[PDB]
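J.: Quick one: this structure, given as C-alpha cells, is what I'll be asking you about.
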2 protein chains.
Amino acid sequence: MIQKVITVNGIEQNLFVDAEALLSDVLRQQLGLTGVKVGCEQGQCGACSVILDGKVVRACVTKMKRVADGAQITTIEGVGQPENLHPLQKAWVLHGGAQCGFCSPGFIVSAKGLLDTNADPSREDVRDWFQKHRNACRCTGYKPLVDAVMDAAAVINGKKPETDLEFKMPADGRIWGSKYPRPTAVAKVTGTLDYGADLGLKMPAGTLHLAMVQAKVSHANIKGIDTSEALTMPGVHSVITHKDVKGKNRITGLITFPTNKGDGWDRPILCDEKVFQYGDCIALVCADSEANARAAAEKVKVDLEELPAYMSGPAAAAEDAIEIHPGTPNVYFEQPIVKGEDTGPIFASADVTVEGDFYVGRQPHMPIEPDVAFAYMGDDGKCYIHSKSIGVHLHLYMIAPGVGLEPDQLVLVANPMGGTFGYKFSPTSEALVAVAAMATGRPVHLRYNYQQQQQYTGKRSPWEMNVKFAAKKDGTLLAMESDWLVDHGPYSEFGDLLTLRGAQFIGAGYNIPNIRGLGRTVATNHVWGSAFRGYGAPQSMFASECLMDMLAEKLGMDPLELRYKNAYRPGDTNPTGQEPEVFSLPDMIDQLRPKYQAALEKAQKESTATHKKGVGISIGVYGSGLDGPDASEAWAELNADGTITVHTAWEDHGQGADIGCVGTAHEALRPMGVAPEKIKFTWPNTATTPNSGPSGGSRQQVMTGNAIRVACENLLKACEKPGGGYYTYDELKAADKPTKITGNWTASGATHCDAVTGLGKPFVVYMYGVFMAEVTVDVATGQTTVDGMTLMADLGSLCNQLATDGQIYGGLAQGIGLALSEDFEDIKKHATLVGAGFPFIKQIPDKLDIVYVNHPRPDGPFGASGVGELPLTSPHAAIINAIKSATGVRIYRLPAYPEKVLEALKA
Amino acid sequence: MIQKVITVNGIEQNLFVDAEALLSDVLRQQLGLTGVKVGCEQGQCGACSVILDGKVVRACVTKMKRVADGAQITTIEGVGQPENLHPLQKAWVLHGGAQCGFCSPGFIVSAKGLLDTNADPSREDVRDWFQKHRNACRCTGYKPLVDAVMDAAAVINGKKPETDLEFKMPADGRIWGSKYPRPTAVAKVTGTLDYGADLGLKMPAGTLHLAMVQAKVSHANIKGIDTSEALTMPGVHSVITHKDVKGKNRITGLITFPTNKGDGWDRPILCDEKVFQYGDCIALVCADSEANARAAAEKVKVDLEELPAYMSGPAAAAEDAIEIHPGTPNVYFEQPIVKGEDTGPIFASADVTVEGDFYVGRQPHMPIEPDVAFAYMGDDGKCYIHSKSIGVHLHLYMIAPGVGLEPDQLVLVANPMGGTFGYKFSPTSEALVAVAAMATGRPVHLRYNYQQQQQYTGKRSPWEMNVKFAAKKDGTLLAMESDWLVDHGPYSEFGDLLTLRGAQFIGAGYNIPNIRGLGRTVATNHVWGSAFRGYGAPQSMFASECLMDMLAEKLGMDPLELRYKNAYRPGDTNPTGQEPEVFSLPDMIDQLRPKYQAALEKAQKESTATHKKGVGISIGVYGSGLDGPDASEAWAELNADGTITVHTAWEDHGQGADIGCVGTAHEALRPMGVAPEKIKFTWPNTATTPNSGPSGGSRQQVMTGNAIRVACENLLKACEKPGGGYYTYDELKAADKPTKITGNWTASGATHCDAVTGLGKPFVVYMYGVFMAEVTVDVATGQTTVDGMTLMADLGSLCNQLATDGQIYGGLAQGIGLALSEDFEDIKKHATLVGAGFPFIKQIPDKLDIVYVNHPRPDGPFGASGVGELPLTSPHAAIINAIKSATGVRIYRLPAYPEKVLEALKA
Ligand code: PCD
Ligand code: PCD
Ligand SMILES: *C(=O)CCc1ccccc1
Ligand SMILES: *C(=O)CCc1ccccc1
Ligand code: FES
Ligand code: FES
Ligand code: FES
Ligand code: FES
Ligand SMILES: [Cl-]
Ligand SMILES: [Cl-]
Ligand SMILES: [Cl-]
Ligand SMILES: [Cl-]
Ligand SMILES: [Mg+2]
Ligand SMILES: [Mg+2]
Ligand SMILES: [Mg+2]
Ligand SMILES: [Mg+2]
Ligand SMILES: [Mg+2]
Ligand SMILES: [Mg+2]
Ligand SMILES: [Mg+2]
Ligand SMILES: [Mg+2]
C-alpha cells in the first residue's frame, strides 16, 4: 500500500491506495465520487473521463502508480454542482445533451479539458477531441453535445452573457412544443443521479454482491454443478442454483400467441436441464464484493454434455433439425399476410417485376451503462426489485410464477438508467436477483460487465428475407410477395409478435392492393431476441425500401419520384388493410425534393476517381402503441404545497419520460395556470404507480400522454369553483373533496391482426418519415463515410423539441451503425464496443438535419404521435441506397463492411 | 431493508437502508459524509450533530426508522465548503474555535440550528443551546465557540458586513503576536480534514479491521487462548496473539532511570503470561469490518487464573505486597529532594508550621475522538503506522524491538487528531497495528470505542501527598518537607520521570532555602500512567498551593499577600537550586491585586444564606522542555514555486503546531518579505521529517520554534545576494546552490536533576502564572459552580494570540473538571463522558479572563515560552481555595463531589 497526498476537486486528500488499483475504483469506492461513471471498463467509452494534471484520462484504465504525489484531479463533482453549475453544465441542460445522462459527466469533464487547452474550438475541433478521448454516446447522435460545447465556449470567452445559457420562457407560457429543459438534466450533468451501480456502492454493509456462473458453450445437457471450491473462497456467502428457486423456475412469455406451437414457458430463470445459449446463467455466487463473487464464480464447476448448436435461423429451421426445446418444433410460429387478390397471376402479367434476398442481423443495443439490478426483502414481507426494466408491471407478471411469489408480494421499480434501446423490454437480471434475495433474506446486487451486456442480454433478431414487387410501367405498384425467417435465439418471449411486424411493415408507405407473404419464427442457440428500437421495421423496411430503389432502377425512374407515385393518399390502405390516419408522405416528399436534387448535383460535382459520392432515399413508418386497444392510466394530484404530482409508470430509458409527463400535464393544466416547475413526475413502481404500460412501441407519449391529459382535465373539473376560478388545496380539503384524481385512455377501435390473414387495425396512430443519406465511398478500400442525414418527420405535434430532436439524432446514428459497422455474430470478437462496431463521433456526421412536417393526429394528445422508433425504421436503407447511387454496388446483407463493399466493387 | 427518498444537503438521495441502522453510519459509510464526526457513540458529545427536519439531532442515536420519507438533512458539508464558507464557518476560523477541530462540524451544525430558530441569541442563549444539544469540547473552554456564534449572528442579521469575518492583516505585517488564523482551520470547519476513523472508511477493500480481545479482570496468569469459535464467524480472516509477534513482544520505557529497580521492559505488546490491568489486549481479531471483528472478538475464550489485584498505590506499596512484576519490587523508584539545611531543626524552632495530606487522582483525558490507528506494509518493504502519536520518533524506538523491526524498517506518521492532552505521549495502538500488518501482510485499521478510550488508554497517575511548611510570623518561608506516592499502574514508561516532577514542582513559585522530601513510584493493577497535561504539576501544586492558603490562615494573613512576600525575586532559587530566568510573579500579583479585592467584595455582597460565594488564588509554574539539554531540528526549503516549506515533526494534538510553525517562520523570514500564506508546514513522519521531538513538556514553541528560527536565518543567508537583496529559486538553482537548509537548536546549560539530591537546572525556560477562581457553593447540596476564572500569564512573547488564548481557556476548563467532577476510579461507571464528569458548557463559566504579563525569555525564540500546560498547573487549587473562602470547608482529596462537600459542611 502507499500513501499519496493529492488534490481532488480542489481539496487535499490523504489517500491510502494499492498502486495497482484503478483510479475509477479509488474515486468511486474510496472517495464516494459516483459522478465518475463506469461503463465498458476497457478504455473505449470515455464515461470515466477525469482530468489528471491537465490531461483528460480514462480513470478505468489508469492505475494509481500513474498518479504522482501532488497530482491534481477533477471529476464532474469539481466542475460544478446543482446551484453552482459550470457553463458547460448549463449549456448541456439548455441543448438537451443529457438523455439517459450516463455519458454526460465524462463528456463535460472531457470538454472542460478541451476548453482549457483550446478556448475557441471549431465544431470539427470539438469532434476531433471527443474522438481522441473516446467519449461515446448512444442516445444523442453527438450533435447536441457539440452544440453545448460551442455555446459554453462563447460564454467563457465573453462573447455572450452567461444568463443566455438559462432557458427563456416563451411568455405565452406554453411549454408544449418548446425547448424547456428536462427535470432530470441538472442531476445528470452534475453526476448526482444515482444509476444502479451507483446505488450498489451506497447500499449497506449487509448487502451481498452477486456473480453469474455462465455457460461457456452454446448448447448442452447439464449433468451437475459442483460449488465446493467456490464456497471456500474469500468473502463467499453461498452459491444459488435452480434448487433454490421457489416457483416454476421459468419466465413466461405471458402473451404467447394461440397459434404459436410452444407454450411460452421455455425460458429458465436458472438453467436446470439444459444450456440453450452461450452465457446462460447456471448459478449465482453471493459474496461481500463483486470482485470476490467473480473470483469465486470462476471456480464453480459445471458438468455438461455439449450438444450440436444451431447458430443461425436457416440451420435451425431445416426439416431434419433436432428440437432445441424437446416437444416443440424449432419453427414455432408462422404469420401469413393475405391482402386482396392472388399475386401469382398479377406478377405474371405485370409490366415489371423485381425480387431480392436481404438480411439484417443481430444488432447489439450497446448502451453505455451495462445491465445492473438489485433486490431485497422489505420489512413488509414483499420482495423488491430495482432494475433497468422499462415495463415494470409487465415484468412482474412475467417473473412472479417462476420465482414463486404471488403478484402482490413482489414490487418492481425502475432505477435511473443509462439507455436500453429495447433490450429492457425483456427481463434480464430481475428474476436472478429476486431468487437470491428470497433465498438469502439479504439485499443482493448484480452488475454485468460489458462482455456480459453483449453476450447475455437479448438482441435484435436476424431476419432472412425475400421480397418481390410487381408494377406498371408508370411505377404503380400492383402486388407484393414476401417471406421472412426470424432467428429469435432460444427464448420465445415476443418472438411471434416480432414476426407479425413483418406483415405490418414490409412494404409500408405505399398503396399495395394485393399481398401474399409468410413470416416464420425459429428458435436457435444464438442470442435470444429482445426488442431493439424499431422492432421488426428495421428488417422489414430495409428489404422493401431497397427493393423500391431496385424497381426504380428497372423502370428507369427516379427513386424519390417512384415513392411519390405510390405514397399513401386518401382512399389507400396499409398492408393490413387499414386506412392511414393522416396523409403526410406526399407533403414530405415535395418539401424534400429540391434538397434531394441539390444533393445529387453536389455528389456529382464533388466525386473524384477514388472517392465516389451518392444520395439515397427511404421512407419509414411505424405504429405508436402496442397492438390492439392499448391503454394507460395516470393520477393527477394537487399536493398540500400547491404543486401537482402526475403519477404514472412511464419508464425512462433516457428518452424523456420526465419531460413528456411535465410538458403534457402543463398543456392540459393551462386553464388553471400551473407553472411547469410545480409539476412532479413519479419513478415507475408497481406498488405505488398505475399500470401505464411499458415504454415499447413508441407508445408512451400517445397512450400515457392521453391518460395524463385526461387525468389533468379531471383534476381541473375537481378544482373548478362555482362562478369561475379554481379552489385551492386548502379549500378542497376543508370541504372534504378529493385531491388525487384518476384518468384513463384507451385506443378503442384498434384491432389485433388476424392469425390467418394478417389483416387488422393494430395501431390508431403511426409515425411517418422520409430519409435522405449522403455518403462517400472510397472505392480503393470499400469504406463508406456518411456525410449527412436528413429526416422529414411527421410527429403530429411536438411535446418537447429538445426531446424529439435528440430522439431523431440518436436513431439516425444507430442507423449508421446498423448500415455500416454493427453486429453481434462472433460471441467473443463482438463482445466489446470497438469489436461490435459502435459508432464513435467521427462516424456520425455533424450534418444531421430534421424537417418537421406535422399533421395533427386525431387520437394523439394535442395531436401528437410518438417519435422513439421512427428514426431507426429505415435510415440504413437510405444509406445502402446511397452506396448504390455512388458506386453501382448494392449490399443486400448488412452491415456494409469495407471488405464486403470492396469485393462487390471488384467483381 | 427499505427505500427512503430524502434530501441530504439539498440534493435528493434515493437511499436503501436498514430501518435499525444508525443515521451516523448511513451518512458516513453509505454516503461518504465523513464530516459527520463520531466520538462517544452514546449521544453524549454532540460531534455527530445533524439537522433533521429543522431539529438538531445526534446522528449516532438516531435510527433510520425515525427518518421519514421526504425528510431534509443537513450535515457540515451542506453548511458550507472551502471557498463557499458559511458565516458560522468564517467566524469559527476568525475566533480560533477549531483547535483539534473534531467538535467543530457538530458545533457549527448545531449553531446553524440555533440561529434558524433564534436569530439574535444572547450569549446565555448560545450556552443553553449547546448544553441542551450536548455539544462537548475538550480543547477550547467553549468561550471562543460562543464568540464565533455571536459574530456570525451579527453578520446574518445585517449588523456588520460579512467581510468583517475575514482576517485583516496588521499591515506592518508581523503575524507574530497576531490573531492570524491557523492553516488547518478551513478544513476543520468544513469537515474536510480526515482523522483516523475517516481515513479508515476511505481505505481500500483489502483492508482488515481489527478488534481487541481484552482482559475483563484486573490481574491474572494467562493459561491459554481458544480462537476456534471466532474463526468460524462472519467476515473473520484470522486471530493474532503473542505467538505472531516477531520481536520481544515488549515496549521499552527507553529512558528508564538507572536508579529504577525495573528494567523498563515490563509492558507487553500482546499479553503472554499475565494480565496486568483490566482492558489489556490479549488478542486481535482481523475481519472485513469493525462490526464483524467486534462480534467475533466476543467469542475468543481466554483461560485465566485471576490473581488478587492492587487497585491503589498504598495497597501495592505495602511491605508485604506480592510483586506484580515478579523480580521487581512494586515500589520501583525513589527520588529524594535535598536542598539546603536539615529541615527538622528549622521546623522545631519556627514561629509557625502547617501540614496537610492531599490527593489528586486518576484524571481521564477525555478527548472527543477515541483512539484510532492503522498500519500497512509499504511497497518499499517498510511497515508504516499512522496514529495519534505526538512523538513519532520516540514511539518508533519504544516499539521497534518489540515488533521485531530495525528502526529503518518502520515509519511512524501522525494523523490529524482530535485531541490527546498527553495520553499520546504513550504508545497505545501502534504496536498492535504493526504486529497485525506484519503478520497478515495486509493493511489493518483499529478504532477504539469510547469505553476502550477510557479503560485502555493511560491516565493521570494518582498521587498521595504529605507536605509541610515552616515559616516566620511575617510569612517568610523557611523550610518544606514533602512525601509523595505515585500510582503508575502496571507499565513503567516515564513513571520515574513523573515522580521527579514532584521534586521540581512541589512548592514551586517561592524562595524555599531548605527542603527535605521523597517521591516514590509504585506499580499497581489500575490503569497505567500516561502523561496528562501538567505531568506532575497538577498533583504537586495542588498540595503546595492549598498548603500556602493553610499557612496564610494560620498566620492571619491574606493569601495573595503571603504569596507576594515569598514569590521569586532576583537572588532566589527554585526547589532544584536553579535561579529563575525571569521574575514576573510580583508584577502579576500586583496587577491582580485590585481585581482580587473587588472579587472579595462582590462575593461578600452577593452571598446568600444558602449560596455562599468565595474567591481563591494559586500560582502555577512549569518547564518548557524535556529535562536537560533538549534539542530540535527543522529544515527551511525554498520551493520552485517561491513558497517555503518548513519541515518539522512538530506533532499537532490540536494545540496549533501548524500556526506555531507558520508564525515563527514568518517572523524569522521577515527580512526576505515572505507572505504567511507562502509558508507550508509538514505533518510528522519519521522517514521524511527531522527529529524535532515530542509535543510534551510544553516544549515545541521553545525547542522547535528556535530550530525553525535558526533554519530560517540559515535560509536567509543561503539566499542573500552580494550587494543586497535576495536570490530567487531560479537564480540559486542556476548557480547549483542549496535550497533546503538545516537549522538546529539545543537548550545548552540545562542539566538533569541529580538522582540523590534532586538538584539541577532541568529547564532553561519556565512558564509562570497566577490564578483566581470565583465560585458559589450551594450549602444545602454541596454543589459548586465556578462563576469566573482569571489567569495572569507570562508567556514571554505570543507567537499567536488565537492559539494562546485558546490554550489557556481549554486548560482552565480541564482544571474545573479536575477540581469538581472528574476521575477514573470505577472501571465501568467512569467509562463514559457523563459518568466520569466531563465538563459540559454550563460547568465552564463564560467569564474566563486572561491578562498577559510577558517578560521575554533569554533563550526563547523572540522571547517566547511555552503555554500548553501552564493553565492546568494549579487552577484546581485556586478553585478549592475558593470553596474554602466561601464556606470554611477544605477539600483535601479531589474531586470535590457534592456529597463530599456536604459531609464536610455538616460535620
Ligand atoms: N410528438 C412527440 C413524441 C414524443 N415526444 C417525446 O419523445 C420521447 C419519446 O416518446 P415516445 O415515442 O412516446 O417513446 P416512449 O414510449 O416514451 O419511449 C420508448 C422508446 O424510446 C426510444 N428512445 C430512447 N432514447 C434514449 N435516450 N434511450 C433509449 O434507450 C431509448 N429507447 C428507445 C425505444 S426502444 Mo422499444 O423498448 O424496442 O419498443 S420504444 C423506445 C418522450 O420523451 C416524449 O415525451 C415529444 O416530445 N413529442
Ligand atoms: N508563547 C507562545 C507559546 C505557545 N504558542 C502556541 O501555543 C501552542 C502550544 O505550544 P507549546 O506550549 O510549545 O506546546 P506544544 O509542545 O506545541 O504542545 C503540547 C501541549 O499541548 C497542550 N495543548 C493541547 N491543546 C489541544 N487543543 N489539544 C491537546 O490535546 C493539547 N495537549 C496539551 C499537552 S499535554 Mo503533554 O503530551 O502531557 O507533556 S504538552 C501539551 C502552539 O500552537 C504554539 O505555537 C504561542 O502562540 N505562543
Ligand atoms: C394475435 O393473432 C393473437 C394475439 C393473442 C391473443 C390471445 C392471447 C395472446 C395473444
Ligand atoms: C535522572 O537521574 C537520570 C536520567 C537518565 C540517565 C541515563 C539514561 C536514562 C535516564
Ligand atoms: S472508458 Fe472507462 S468505463 Fe469506458
Ligand atoms: S445521453 Fe449519452 S449515452 Fe445516453
Ligand atoms: S453524541 Fe454522537 S458521537 Fe457523541
Ligand atoms: S476543538 Fe473542540 S474537542 Fe478539540
Ligand atoms: Cl451483400
Ligand atoms: Cl472489413
Ligand atoms: Cl477531602
Ligand atoms: Cl455526589
Ligand atoms: Mg461559474
Ligand atoms: Mg390509386
Ligand atoms: Mg464474420
Ligand atoms: Mg475478400
Ligand atoms: Mg454565503
Ligand atoms: Mg530573601
Ligand atoms: Mg467512588
Ligand atoms: Mg454521605
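Note on naming: chains are A, B, ... as they come in the C-alpha cells, residues start from 1 per chain, ligands start from 1 in the order shown.
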Taking only C-alpha atoms and all ligand atoms into account, list the residues no farther than 10 Å from ligand 19, as a PyMOL selection string.

T.: chain B and resi 823-826+829-830+897

J.: Just to be explicit: take each residue in the selection above, keep N, CA, C and O atoms, and write the result as a compact mmCIF listing (two decimals), in the first residue's frame.

T.:
```
# COMPACT_ATOMS: atom_id res chain seq x y z
N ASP B 823 -12.87 11.86 37.39
CA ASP B 823 -11.97 10.81 37.88
C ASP B 823 -12.13 9.59 36.98
O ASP B 823 -13.11 9.48 36.23
N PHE B 824 -11.17 8.69 37.09
CA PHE B 824 -11.29 7.34 36.54
C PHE B 824 -10.89 6.35 37.64
O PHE B 824 -9.76 5.91 37.72
N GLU B 825 -11.86 6.03 38.49
CA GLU B 825 -11.69 5.12 39.62
C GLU B 825 -12.50 3.85 39.44
O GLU B 825 -12.02 2.76 39.74
N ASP B 826 -13.75 4.01 38.99
CA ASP B 826 -14.70 2.94 38.80
C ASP B 826 -14.62 2.51 37.32
O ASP B 826 -15.01 3.29 36.44
N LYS B 829 -18.28 2.57 35.72
CA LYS B 829 -19.10 3.78 35.86
C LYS B 829 -18.41 5.00 35.26
O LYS B 829 -19.07 5.91 34.76
N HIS B 830 -17.07 5.03 35.29
CA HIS B 830 -16.32 6.18 34.78
C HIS B 830 -15.89 6.00 33.32
O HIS B 830 -15.07 6.76 32.81
N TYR B 897 -16.73 16.36 44.94
CA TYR B 897 -18.08 15.89 44.65
C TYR B 897 -19.07 16.54 45.63
O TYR B 897 -18.72 16.75 46.80
```

J.: May I have the residues within 8 Å of ligand 16, computed using only C-alpha atoms and all ligand atoms, as a list in words?

T.: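 The residues near ligand 16 are residues 899, 900, 902 and 903 of chain A.
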
J.: Please identify all protein, DNA and RNA residues within 9 Å of ligand 3, counting only C-alpha atoms and all ligand atoms, and report them as a list in words.

T.: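 I would give the residues around ligand 3 as residues 254, 255, 256, 257, 258, 259, 335, 496, 497, 500, 627, 752, 753, 754, 755, 756 and 758 of chain A.
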
J.: Within 12 Å of residue 65 (chain B), counting only C-alpha atoms, which residues qualify if same-chain residues fewer than 3 places away don't, as a list in words?

T.: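 In the requested form, the answer reads residues 379 of chain A; 1, 2, 3, 4, 16, 17, 18, 19, 20, 21, 22, 23, 61, 62, 68, 69 and 71 of chain B.
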
J.: Which residues are near ligand 11 - at most 8 Å, using only C-alpha atoms and all ligand atoms? Format: as JSON, numbers by chain.

T.: {"B": [358, 890, 891, 892, 893, 894, 896, 900]}

J.: Find the spatial neighbours of residue 840 (chain B), counting only C-alpha atoms, within a cut-off of 10 Å - ignore same-chain residues fewer than 4 positions away - and output them as a list in words.

T.: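 Listing them by chain and then by number gives residues 44, 45, 127, 130, 131, 132, 134, 135, 136, 137, 138, 141, 142, 813, 817, 833, 834 and 844 of chain B.
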
J.: I'd like the neighbourhood of residue 473 (chain B) as a PyMOL selection string, where a residue qualifies if any of its atoms comes within 12 Å (using only C-alpha atoms), though same-chain residues fewer than 4 positions away should be ignored.

T.: chain B and resi 349-353+477-478+551-557+562+565

J.: Near region 508-524 of chain A, within 7 Å and counting only C-alpha atoms, which residues show up once chain neighbours fewer than 3 positions away are dropped, as a PyMOL selection string?

T.: chain A and resi 310-313+316-317+330-343+477-490+495-496+499+502+505+566-568+572-575+619+621

J.: Could you work out which residues of chain A fall inside 8 Å of chain B? Count only C-alpha atoms, and format the result as an NGL selection string.

T.: :A and (1-2 or 11 or 14-18 or 26 or 30-32 or 192 or 194 or 199 or 201-204 or 235 or 376-379 or 443)

J.: Determine, counting only C-alpha atoms, which protein, DNA and RNA residues have an atom within 6 Å of an atom of region 765-775 of chain B; residues of the same chain fewer than 3 positions away are not included. Present the result as a list in words.

T.: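 In the requested form, the answer reads residues 613, 614, 615, 616, 617, 618, 619, 620, 621, 622, 623, 624, 785, 786, 787, 788, 789, 790, 791, 792, 793, 794, 878 and 879 of chain B.
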
J.: For each of B:48, B:231, B:816, B:470, take the minimum atom-to-atom distance to ligand 7, counting only C-alpha atoms and all ligand atoms, then give the residue where this is smallest.

T.: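 Of all the options, B:48 lies closest to ligand 7.
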
J.: Throw together the list of residues within 12 Å of ligand 17, counting only C-alpha atoms and all ligand atoms, and drop it here as a list in words.

T.: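 Those within range of ligand 17 are residues 78, 79, 80, 81, 82, 83, 84, 85, 86, 87, 88, 89, 90, 152, 155, 156, 161, 162, 163 and 165 of chain B.
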
J.: Please give me, as number ranges by chain, the residues lying within 6 Å of ligand 7 when counting only C-alpha atoms and all ligand atoms.

T.: B: 38-48, 58-60

J.: Could you list the protein, DNA and RNA residues that have any atom within 10 Å of ligand 6, counting only C-alpha atoms and all ligand atoms, and write them as a ChimeraX atom specification?

T.: /A:39,45,47,96-107,135-142,144-145,188-189,366-369,417-420,653-655,806,810

J.: For CA of residue 114 (chain B) and CA of residue 52 (chain B), determine how far apart the two atoms are, in Å to one decimal place.

T.: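 Atom-to-atom, CA of residue 114 (chain B) and CA of residue 52 (chain B) are spaced 13.1 Å apart.
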
J.: Work out how far apart CA of residue 123 (chain A) and CA of residue 159 (chain A) are and give it in Å to one decimal.

T.: 16.6 Å
